[PDB]
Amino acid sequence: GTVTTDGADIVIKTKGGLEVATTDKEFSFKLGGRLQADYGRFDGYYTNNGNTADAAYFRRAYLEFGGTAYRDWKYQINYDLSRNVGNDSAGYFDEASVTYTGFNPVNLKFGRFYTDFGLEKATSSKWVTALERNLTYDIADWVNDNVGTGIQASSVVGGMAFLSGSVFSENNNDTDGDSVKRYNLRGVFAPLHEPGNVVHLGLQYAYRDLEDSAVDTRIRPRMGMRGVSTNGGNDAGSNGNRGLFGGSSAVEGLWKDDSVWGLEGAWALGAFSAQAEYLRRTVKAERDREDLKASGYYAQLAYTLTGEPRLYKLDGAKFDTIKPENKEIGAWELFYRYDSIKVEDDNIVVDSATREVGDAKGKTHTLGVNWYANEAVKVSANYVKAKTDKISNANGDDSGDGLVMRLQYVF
């Protein structure tokens, strides 16, 4: 039989998922998703006793529902079946947003989404080069999380720049049950913004007033290995070392406010790219207590051996996918990332078996390969070496090694 429509002409597409769209741009629907299956093995600092643990789990398992109605109104609902983002009271959302669009070039986004701070975070988790995002997000995780609901405005400006800003109602309350309000700004100058020709300078700022609020400020980096503690399958369990670098449990009235500044750069030329982000955080303490300070950076270099550039999008100021040219071979990509963090918490005044008085430091070397078999499937492996200072596992190790592999299917 035939397949017709009552309304405007429709075009349908499938690469394993589904797209249906009217040709007049008025209405559309997209059903997609991503599955990331990880297996990692790790030892030393990463585990409590320093022996090898493992983790087999889905890093992400999203079902993704998006569409357009009446040209200017869009929605996106991405739900994480692996339970690695969200919780069972707010919901396991990667995203639940509505966007208008009508004030083009200015876009207005409402709902649950990650606030815009950082190039690596802006980049789709399908296409982040490394298997895990950088260490600096571990020391300031509120700046670009989606743990709340808000409103964002964004615009490409003068065809060479991108600006975003939001107010976000966090799921942290003050003593009156009034939510902590988070403010974000991000501005990117990107005078070259094509795949294989990117020059990117970004500045970003986040602020929240913490007065009379109960907020968890414990900084507990996994140090580049997800499997020390993760949902989606299994992890190192009771032998996983997720060490406390500094900060406190959610006790009301410990802090005044929390501020983060970030500077970022990226340069892409053909198959080569370099990117780096630096951030500085200060949590101002209340009455007699000491401030919590944290800073860090990462630098990443990447090279597609098969020649294809990483996609770049000025709208969002973010990298994206690699589309393989050779349909049999696929695309092959090598990368290296260096990460370095420092946490200052002078509230820590006595030594322990795992924490020495002074600044906790962490650094990682990540070396990896991505095989893009095609636009649906990506197979990856990362070697990670961690080194810490003034923090260790219970065994006294200040270094650890890990190897993680991932099978990714997107539709």
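One rule holds for the numbers: they count along the sequence shown, beginning at 1.
Enquirer: When the Cα temperature factors in the entry are averaged, is it 301 to 309 or 87 to 95 that ends up higher?
Expert: Higher mean C-alpha B-factor in the PDB entry: 301 to 309.
Enquirer: Averaging CA B factors per stretch from the PDB record, which one is higher: 234 to 242 or 318 to 326?
Expert: Mean B over CA atoms: larger for 318 to 326.
Enquirer: Out of 127, 113, 255, 142, which shows the largest CA B-factor listed in the entry?
Expert: Answer for 127, 113, 255, 142: 255, with the highest C-alpha B-factor.
Enquirer: Pick out which of 280, 226, 74, 133 has the highest C-alpha B-factor in the PDB entry.
Expert: Top of the list by C-alpha B-factor: 280.
Enquirer: Which third of the chain holds residue 121 when residues are ordered by C-alpha B factor: lowest, middle or highest?
Expert: CA B-factor rank for residue 121: lowest third.
Enquirer: Ranking every modelled residue in this chain by its Cα temperature factor as given in the entry, which third contains residue 359?
Expert: Top third by C-alpha B-factor.
Enquirer: Looking at the entry's B-factor column for C-alpha atoms only, identify whether residue 178 ranks in the lowest, middle or highest third of its chain.
Expert: Middle third, going by the recorded CA B-factors of the chain.
Enquirer: Lowest, middle or highest third: which one holds residue 351 when the chain's residues are ordered by CA B-factor from the entry?
Expert: Top third by C-alpha B-factor.
Enquirer: Taking only the Cα B-factors deposited for this chain, tell me whether residue 345 sits in the lowest, middle or highest third.
Expert: Ranked within chain, residue 345 CA B lands in the highest tercile.
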